[PDB]
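K.L.:
how would this look folded up:
(chains A and B)
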Amino acid sequence: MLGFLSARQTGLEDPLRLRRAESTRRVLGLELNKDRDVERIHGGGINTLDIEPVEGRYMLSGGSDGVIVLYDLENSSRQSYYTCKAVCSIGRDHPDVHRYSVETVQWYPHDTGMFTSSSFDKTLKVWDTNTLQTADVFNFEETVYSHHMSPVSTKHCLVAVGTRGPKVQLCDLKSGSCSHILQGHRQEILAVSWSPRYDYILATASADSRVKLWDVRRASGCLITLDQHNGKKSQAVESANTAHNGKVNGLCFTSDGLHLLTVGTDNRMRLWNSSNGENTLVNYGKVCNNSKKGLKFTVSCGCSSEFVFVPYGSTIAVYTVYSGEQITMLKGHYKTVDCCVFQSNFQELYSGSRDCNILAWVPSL
Amino acid sequence: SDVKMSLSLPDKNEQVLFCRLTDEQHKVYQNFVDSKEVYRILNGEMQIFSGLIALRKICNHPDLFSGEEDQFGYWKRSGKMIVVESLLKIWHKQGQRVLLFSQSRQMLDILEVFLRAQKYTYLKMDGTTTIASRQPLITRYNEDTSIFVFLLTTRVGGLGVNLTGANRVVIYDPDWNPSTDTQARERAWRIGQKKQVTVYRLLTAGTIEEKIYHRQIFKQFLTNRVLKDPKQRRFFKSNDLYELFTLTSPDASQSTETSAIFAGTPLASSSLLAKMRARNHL
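P.N.:
Numbering: from 1, shown residues only, chains lettered A, B, ... in the order given. Dropping the coordinates below:
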């Protein structure tokens, strides 16, 4: 670290070196901080967490009890020990509270004033953070497994919604049109994720073992269908071209958006070239998931080597994206881990679980 | 409207004449609307469609539904044919040129026989004419003036066959589609029309034809609301618009149903939220 400081100070190394190397070291040193706590407000398991993209100060959390909690992640107290207090909450007494499990919650990108949350009550509600009131509600004919707003589109503000129906709903928050559907899947869409690179690329993963990349502008179906083998087992596309050998319940674009990570109920995680959907043949070993719903997992940002934090049973398995080497397993939960979310500002992790807890993992030293 | 300033457009006026039923025609219509057939229609035991066709036939001319100066299709037994008599005579005295439209080809033939009973020169084109000889007839009508009235149904020929030499147009009977009658009036009044064209729609008041026209206006209003502006003054009643097996002919003491109905004449998450709450309060 002193060599790094001297090399930064004397100009031998770009300061980008010290940032990325030290962030990588902190991520490798990621450990359960009992010196930080998150206030327990959910009566049920936390299904989803979302730290705001701008300023990374506030976090949303949606539980199976239908409540939403809005936490402050900054140590506003002068002590080195603090609890991430719950700023707001859509509780059992809020007139607009979800009737069933909140399965996904997402801050509006580009501004903290709005956030959207979807439930098994077949609703995607848009909330005004300041008034903590719903500004819009999108009812769907079948329960929502996942929703996602594009983190990058300054032009369109579509929410891709995956429900049990075989179609992917696109809901325009700009004046309300929830009619557009992307058809081509055959079973419930368990995960949707916009590319962080292209405004109009949407990756959708479904229980029919297929992941499809769509160009929502295009009127001619999916761009690419992910194939495990890339052509070794080739068939006229009616049942082949499966991304996994089970249900694909999790999607995550890497930071630069040039690759896609999919996790399926075949207990595998695969890394795909997001441009031509080619499997990169990164191993990753066995990634235990048996989730019957969407599995929210994240990647690291702004480190020398990219990492993926995937829920592995009751633990969080940390892998290197481009080599597959399992860095570690963060073990602090008591039940299955449903979601983990990455604070890129300080290389911190927050993980929710069915044990109705949110555990913060902070780098040690 | 926006492109009007680039190309010329002669003014177009349009009237809807309300033609009272003749007493024999009125009796036939009242017998049909009191006969057990319309009662079975109201019971749903029989197809309403045949009753619709029958009442349209009655309002066209009784000889259609029922089946010298007493031959087939005598123009004195239907009020719309009375008005066609008056308009054709006046327009011939004015030296104009007429398009005579009707949805029914049988009543088109009745109108032909009527025109032969008169001394008006005329030319007919309908579905029975061969397509390979359709273009000549139109040309012969458009080039000279020695042909007075051209006979059409609203749906024959290619879309917008060039009938420019006509000056006046009469739509003998309304259709269910607003677009076919709009095309009928548009066919005479196109680009390169030299003189002011006027359209006269012939209706029988208090009958099925008035309700056909009401449905036509309602569909036109729906299309306009969808395509140009949602805010629109509401004209109609749900039950009156849909019930169309009655006969209330005006006695001139009270105004007609149409005139009674038409008696008056990146986002920064706050613009996004403002638009959402605006749309939701409506």
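K.L.:
Tell me the residues on chain A that lie near chain B, please.
P.N.:
With the criterion set to CB under 8 Å from any CB of the partner chain, chain A comes near chain B through A:108, A:110-114, A:126, A:128, A:135-136, A:154, A:157, A:173-176. To be clear about C-beta, it is placed using only N, CA and C from the backbone, and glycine gets the same treatment.
K.L.:
and with 7 Å instead?
P.N.:
Neighbours of chain B within chain A, by CB under 7 Å from any CB of the partner chain: A:108, A:110-111, A:113-114, A:126, A:128, A:135-136, A:154, A:157, A:173-176.
K.L.:
ok, and the closest non-adjacent residue to residue A:162?
P.N.:
Nearest-residue entry for residue A:162: residue A:189, 3.1 Å, with adjacent residues in sequence omitted and distances by CB to CB, 6 or more residues apart in numbering or on different chains.
K.L.:
now swap in residue A:325 and tell me
P.N.:
Leaving aside its sequence neighbours, residue A:325 sits nearest to residue A:319 (CB to CB, 6+ apart; 6.8 Å).
K.L.:
thought that neighbour was touching residue A:308?
P.N.:
Yes: Residue A:319 lies in contact with residue A:308 (CB atoms under 7 Å); the separation is 5.1 Å.
K.L.:
So what's the gap between stretch B:85-94 and the chain middle?
P.N.:
Chain-centre distance of stretch B:85-94: 19 Å, with CA atoms, centre = their mean, to the nearest Å.
K.L.:
same question but for stretch A:216-229, I mixed them up
P.N.:
Distance of stretch A:216-229 from its chain centroid, counting by CA atoms, centre = their mean, is 21 Å.
K.L.:
For chain B, which residues are neighbours of chain A?
P.N.:
Residues of chain B lying near chain A (CB under 7 Å from any CB): B:266, B:267, B:268, B:269, B:270, B:272, B:273, B:275, B:276, B:277, B:279, B:280.
K.L.:
just the buried members of those?
P.N.:
Neighbour-count burial (16 or more other CB atoms under 10 Å in any protein chain shown) applied to these gives B:267, B:269, B:272, B:273, B:275, B:276, B:277.
K.L.:
Against residue B:279, how distant is the first one?
P.N.:
Going from residue B:267 to residue B:279 by CB to CB, to the nearest Å gives 14 Å.
K.L.:
one step back: kindly reformat the buried ones among the residues of chain B next to chain A as a markdown table containing secondary structure.
P.N.:
Putting these into a markdown table (DSSP: H, G, I helix; E, B strand; the rest coil) gives the following:
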| residue | secondary structure |
| --- | --- |
| B:267 | coil |
| B:269 | coil |
| B:272 | helix |
| B:273 | helix |
| B:275 | helix |
| B:276 | helix |
| B:277 | helix |
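K.L.:
can I get the residues you listed in JSON lines with distance to residue B:178?
P.N.:
Listed next are those as JSON lines, based on distance: CB to CB, whole Å:
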{"residue": "B:267", "distance to residue B:178": "39"}
{"residue": "B:269", "distance to residue B:178": "44"}
{"residue": "B:272", "distance to residue B:178": "38"}
{"residue": "B:273", "distance to residue B:178": "40"}
{"residue": "B:275", "distance to residue B:178": "33"}
{"residue": "B:276", "distance to residue B:178": "36"}
{"residue": "B:277", "distance to residue B:178": "37"}
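K.L.:
if we can go back for a sec, residue contacts, the residue nearest to residue A:162?
P.N.:
Contacts for residue A:189 were tallied using CB atoms under 7 Å, 6 or more residues apart in numbering or on different chains; they are A:145, A:162, A:163, A:168, A:204, A:205, A:206.
K.L.:
wait, the last one sits on residue A:190?
P.N.:
Yes: distance between residue A:206 and residue A:190: 6.1 Å, which falls inside the contact criterion (CB under 7 Å).
K.L.:
and for the two, which residues touch both?
P.N.:
With contacts defined as CB under 7 Å, 6+ apart, the residues shared by residue A:206 and residue A:190 are residue A:248.
K.L.:
mind listing what the residue most central in space within chain B touches?
P.N.:
The residue lying closest to the centre of chain B (CA atoms, centre = their mean) is residue B:174, at 2.9 Å. Contacts for residue B:174 (CB under 7 Å, 6+ apart) come out as B:181, B:201, B:203, B:209, B:212, B:213, B:216.
K.L.:
From residue B:258, how far off is it?
P.N.:
For residue B:174 relative to residue B:258 (CB to CB), the value is 12 Å.
K.L.:
Same check on residue B:215?
P.N.:
Distance, residue B:215 to residue B:258, by CB to CB: 12 Å.
K.L.:
Which stretches in the stretch 51-200 of chain B count as helices?
P.N.:
B:62-66, B:79-94, B:105-117, B:134-143, B:178-188 (DSSP state H, counting those that start in this stretch).
K.L.:
Could you do the stretch 1-150 of chain A as well?
P.N.:
Secondary structure of the stretch 1-150 of chain A (DSSP H, counting those that start in this stretch): helices located at A:2-10, A:15-28.
K.L.:
can you list those in a markdown table and add mean neighbour count?
P.N.:
Formatted as a markdown table, those follow (neighbours: other CB atoms under 10 Å in any protein chain shown):
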| stretch | mean neighbour count |
| --- | --- |
| helix A:2-10 | 12 |
| helix A:15-28 | 17 |
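K.L.:
Include distance to residue A:348 when you put those into TSV, please.
P.N.:
Output for the helices of the stretch 1-150 of chain A, formatted as TSV (distance: least, CB to CB, whole Å):
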stretch	distance to residue A:348
helix A:2-10	21
helix A:15-28	9
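K.L.:
contacts for the helix ranked longest in chain B?
P.N.:
Determined from DSSP state H, the single longest helix within chain B is helix B:208-227. By CB under 7 Å, 6+ apart, the residues outside helix B:208-227 that reach it are B:52, B:55-56, B:59, B:173-174, B:176, B:178, B:181, B:203-204, B:232, B:236, B:241, B:244, B:257-258.
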